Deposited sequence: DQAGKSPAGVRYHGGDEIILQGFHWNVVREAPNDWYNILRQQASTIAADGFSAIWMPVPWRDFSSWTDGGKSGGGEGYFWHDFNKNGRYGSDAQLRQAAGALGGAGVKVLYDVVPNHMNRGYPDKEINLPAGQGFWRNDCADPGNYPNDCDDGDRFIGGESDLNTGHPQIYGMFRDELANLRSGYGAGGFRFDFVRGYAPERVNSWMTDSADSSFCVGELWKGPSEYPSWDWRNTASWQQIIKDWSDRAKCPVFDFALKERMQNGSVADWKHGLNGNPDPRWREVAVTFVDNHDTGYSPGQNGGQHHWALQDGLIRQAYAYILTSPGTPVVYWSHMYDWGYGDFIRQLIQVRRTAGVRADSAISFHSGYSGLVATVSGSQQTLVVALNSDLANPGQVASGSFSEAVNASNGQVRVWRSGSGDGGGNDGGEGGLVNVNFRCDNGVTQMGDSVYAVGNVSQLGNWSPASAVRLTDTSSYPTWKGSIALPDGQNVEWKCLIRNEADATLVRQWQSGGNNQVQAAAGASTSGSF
């Protein structure tokens, strides 16, 4: 496991991570108060499946409830107490210790933008009129105001002023607490449109400078004002600009947008396919998460932007053979039966030595997506939904078949 920042100082922890999203949306309802126990028991299996890191649910307790129905998942926490719906503080420490002991770095989901301001019994009670809250200042719409230098969550009545020195320091100290007491090897920053990217750089510099980070910026060009250069920019440009300012990797919503809206051939326009290594190496690729994808249980989860089942194998083959840093969704791996396929592709990635900055070339004469990827140990030829017949049509050298699935719709060959 290589540590180390990128040539531009971005915290991609060596560029060699393979991440498991270690939950789905309905965990708090499908395994009440038992998820940490489950992760502890599964730690050795997760490691044996080839993951170097696990993205943990928000560890701050959330007893919210709304009505579709939901609540409790961590994105409306009321304080930092760890005795929440995933399990107790003691069980969290045991799970994090088991995962670390198995070689799996623990990444915590953290939610600085807002909190359950209205919850009756909590340990953090911030009054009005002292600058702690976005709506201490005039709030005319979903854009920065004098108490919140980013966007707001829905109505904004629970957005925190993360730039207030007291609030900044509260989160700084809690990140340090997760590192010292809960085994954190990094963090996933939620809703990063809600606050300044430079504040993520500051928090990481203060409390976890050598750790892995990733931010979730889900905001299309249409959501920016007419006079903002991002209104006419690509999805790639928008997320790359965030990464530059946070010095953090960023979820590849450019790739996700092409997977949802474009053809398979168009998947080459994700951030992770960019020919500039400073661009593609900061991409954190994924197929679905707890928000975009389905989950087992009530209402099938959120499924706000889910990839159809006819493309799931192709999408995992792409992200696991290509540059950027890939994330595997719990439910594909361990609920819905794609685990053996994903296990095989993780082994292919590791055997080939594909890393976040590996070169990737796209080839034009065929249907679907045809790519050659230069790993540190092997070259891969990847053909997805393609009429490519054999790797010698597009690459020099001697190749052996590594993957052949879905009636040849997923094929990978290796040097």
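Of the deposited sequence, positions 68-70, 419-530 lack any modelled C-alpha atom.
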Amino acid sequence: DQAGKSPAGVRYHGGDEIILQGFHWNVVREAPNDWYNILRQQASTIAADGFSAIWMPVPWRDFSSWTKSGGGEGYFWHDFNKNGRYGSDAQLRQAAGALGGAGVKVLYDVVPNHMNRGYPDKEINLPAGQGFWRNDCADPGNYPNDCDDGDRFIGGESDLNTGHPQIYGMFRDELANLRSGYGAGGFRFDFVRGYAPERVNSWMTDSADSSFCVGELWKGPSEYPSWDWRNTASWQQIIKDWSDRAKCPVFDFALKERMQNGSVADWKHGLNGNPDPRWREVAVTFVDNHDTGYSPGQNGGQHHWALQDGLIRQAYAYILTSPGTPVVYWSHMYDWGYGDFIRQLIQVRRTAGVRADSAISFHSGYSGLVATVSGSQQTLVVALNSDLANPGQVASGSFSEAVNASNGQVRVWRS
From here on, numbers count along this sequence of modelled residues.
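Higher mean CA temperature factor between 142-150 and 106-114: 142-150, per the PDB entry. Set 88-96 against 131-139 and average the Cα temperature factors; 131-139 ends up higher. For the set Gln260, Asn201, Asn289, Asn299, the PDB entry puts the maximum C-alpha B factor at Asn299.
Highest CA B-factor among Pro249, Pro326, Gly293, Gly220, as stated in the entry: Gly220. In the deposited entry, the Cα temperature factor of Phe187 places it in the lowest third of its chain's modelled residues. In the deposited entry, the Cα temperature factor of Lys122 places it in the highest third of its chain's modelled residues. Per the deposited record, the Cα B-factor of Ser210 falls in the highest third when ranked against the other modelled residues of its chain. In the PDB entry, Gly22 places in the lowest third of its chain by CA B-factor. Sort the chain's modelled residues by C-alpha temperature factor and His78 lands in the highest third, per the entry.
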